[PDB]
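Take a look at the structure tokens below, where one protein chain is shown in two forms, each on its own, as structure 1 and structure 2.
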Structure 1
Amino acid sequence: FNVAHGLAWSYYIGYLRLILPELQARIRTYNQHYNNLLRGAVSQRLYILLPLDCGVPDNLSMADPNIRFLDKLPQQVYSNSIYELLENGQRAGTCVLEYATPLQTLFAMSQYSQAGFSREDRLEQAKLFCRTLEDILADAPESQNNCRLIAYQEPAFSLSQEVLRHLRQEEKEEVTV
């Protein structure tokens, strides 16, 4: 009994597979502007946050003030937000960012006593969710190239630094190959 299997297939089949094909185009179009204006550039991939603690806030800035809302991404109806990642008050990167909503279900199940679903169970299923979604995106046409999973366990931490590490690695890969 692994709720993560169905959660990952539902998230892919019912959302990612539908939104991702439009995204590269929406982002390029925006980047004409962003460039001419702030000489900036938004990464072309959807960055999906996968906190293993299944903590999804209503606004990213609350999880880290160095993650600042910049703009809504226009449509070519799906709402997607571009954020700037700050270091010492300076813009260090920009990207389309959002949390994987299925993790909220895992959180809610761990607080729903009738489910018999412990915090240990929640963590196990959050990891399984990440692995399954990775497997799906690996076999998937282009979708894998249109997004990046950012999974992290917080100790008992800077989310903006984690995202910047990925953005910088993404650029490195782009220019070296």
Structure 2
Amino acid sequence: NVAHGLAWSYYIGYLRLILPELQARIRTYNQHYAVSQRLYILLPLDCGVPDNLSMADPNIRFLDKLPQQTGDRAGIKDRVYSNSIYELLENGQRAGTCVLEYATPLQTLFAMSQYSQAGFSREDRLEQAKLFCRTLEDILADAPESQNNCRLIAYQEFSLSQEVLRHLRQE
């Protein structure tokens, strides 16, 4: 079972650290340059994770980078954590701005697919994706750092933008 460890490292190595200081980073960018106060993580269950968000959906267009977050991490002095802000256009009109990004471990699960000495097969990507989404939301349920600082966007394959709009419109 690979997805279990990837969900935990994703929380132990990233979410536990940037979420407590995310609200302050969004606040700092709003005063200098109306993004919502939440990190939205795309987790396609197909694990079709492209590197460019605009390449996946034309409606999803990059807006600007969040103020970097630094920190000494495992012998790396001032390791920079980067978060990208995106605006979502529907029918040529922007309807929401947010800090949007994919769940990178899913990209890793998709690539681990191809290799020979990977644990899981190439036909178990989907259940691994389903196992990652369940384990992450299980962790973020009992996680004291996730004080409604992020929301999980899980879907199966289409309009990605309006799935994103559905959640931000909720806020």
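When a residue number appears, read it as a position in the sequence of structure 1, where counting begins at 1. Under this definition, the rigid core comprises the largest set of C-alpha atoms superposing within 1.5 Å between the forms.
Once you line up the core between structure 1 and structure 2, the Cα of residue 118 ends up 2 Å or more from where it was. The shift recorded for the CA atom of residue 131 between structure 1 and structure 2 is 0.4 Å, with superposition on the rigid core. In the core-aligned comparison between structure 1 and structure 2, the Cα atom of residue 142 sits 3.8 Å away from its counterpart.
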